[PDB]
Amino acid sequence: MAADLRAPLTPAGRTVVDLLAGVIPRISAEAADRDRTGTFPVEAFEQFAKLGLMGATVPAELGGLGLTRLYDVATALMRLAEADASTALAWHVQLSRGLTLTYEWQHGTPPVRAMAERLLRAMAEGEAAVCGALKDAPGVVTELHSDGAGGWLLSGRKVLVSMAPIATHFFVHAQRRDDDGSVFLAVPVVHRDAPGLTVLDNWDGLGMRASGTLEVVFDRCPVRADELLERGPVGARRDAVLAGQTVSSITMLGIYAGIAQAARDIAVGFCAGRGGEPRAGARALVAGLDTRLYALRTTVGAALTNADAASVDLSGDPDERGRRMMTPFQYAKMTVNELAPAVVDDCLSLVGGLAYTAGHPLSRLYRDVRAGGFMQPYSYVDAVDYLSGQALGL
């Protein structure tokens, strides 16, 4: 055992790594190009469905490759992120619901557990790609209204929806207003071919350009009541939901560790490929980034193996297993968010001006790595309130 994301543990996830080794070269070459143009790798991504990677994190009995170990899921995303961060960010959207649904299928009410099968089995081979329309657009509030006959209409617009260009389904997060007066939080599942559904291609960002992070709108989209994932009212949320949120995006830390590892390999390979005796300041730099890189992988490594031990073991309190997971997660995120772009910055100043050229890969990495600091949960501003609140009373 090592705990640094060097190699997967579960034999189920060991099959996902080698199957990916065959698509790595093919996507590592197109990385620079797709980033320049900003075009999602449709054909490079659909090749996953052929192998079955598009269906990992799905029960063996539902399709194949029963991956549930969060630590391995991240070890995979890191191997891929080393090639292209952008595709890795997208593949996560899929692998994400993979775990979300597998938990909804086993521990969910009959009405919602039935539709879980349908989707989980469909993305097993790759016939359906699922996405999540979570965050609302500045000034908008996705909501559900009744029409009269018994059906509902979904209006609103979600932003930052990754992997969207290839998507067949969406997990919209709306909020229906009850006549009682309270506002309930429900998360429908709209098909791509939904009538009011319009996907926009306005994703122009500093990095992660190759991912499909589009804004998607819904205009009076129909959806029978029989297909809603109604939850508890807004506001009064229990810390038990934190376990769900953790498992959802904790594996992304692997991709940032991936970008870092990537930058190092470049900068170190260029510095060693200089020959002779390395300059004084350079030895200090290489020593420093190597250290930060290790601390970085180790931290996210332990944070993962901790979410796994608390995911399928503790059967005591539902709120405790929520903090026990979200906290160390946030500690690792807090670390990677300052420690990852910290090593690429040294790798940058280690290779020199040639690495400032848009043509150089170390330039791209310098933009892709700053993505993590903006991802929820939690932002620095938020993470500080959260972590200090746990360290104290509040």
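For every residue, the number given is its place in the sequence shown, counted from 1.
Visitor: Select between 294 to 302 and 94 to 102 the stretch whose C-alpha atoms have the higher average B-factor in the entry.
Guide: It is 94 to 102.
Visitor: Report the stretch with the higher mean CA temperature factor, choosing between 17 to 25 and 381 to 389 on the basis of the entry.
Guide: Per the PDB entry, the higher value belongs to 17 to 25.
Visitor: If you compare 212, 110, 254, 139, which has the highest Cα B-factor in the entry?
Guide: That would be 110, according to the entry.
Visitor: For the listed residues 85, 122, 260, 216, which one has the largest C-alpha B-factor as given in the deposited model?
Guide: Each of 85, 122, 260, 216 was compared by C-alpha B-factor; the highest is 122.
Visitor: Just say lowest, middle or highest third for the CA B-factor of residue 364 relative to the other modelled residues in its chain.
Guide: Ranked within chain, residue 364 CA B lands in the lowest tercile.
Visitor: Based on the entry's values, in what third of the chain does the Cα temperature factor of residue 246 lie: lowest, middle or highest?
Guide: It belongs to the middle third of the chain when residues are ordered by C-alpha B-factor.
Visitor: Quick one: classify residue 315 as lowest, middle or highest third of the chain based on its Cα B-factor.
Guide: Answer is highest: the recorded C-alpha B-factor places it there.
Visitor: Which third of the chain does residue 202 land in by C-alpha B-factor: lowest, middle or highest?
Guide: Middle third of the chain for residue 202's C-alpha B-factor.
Visitor: Please place residue 228 in the lowest, middle or highest third of its chain by C-alpha B factor as given in the entry.
Guide: It falls in the top third of the chain.
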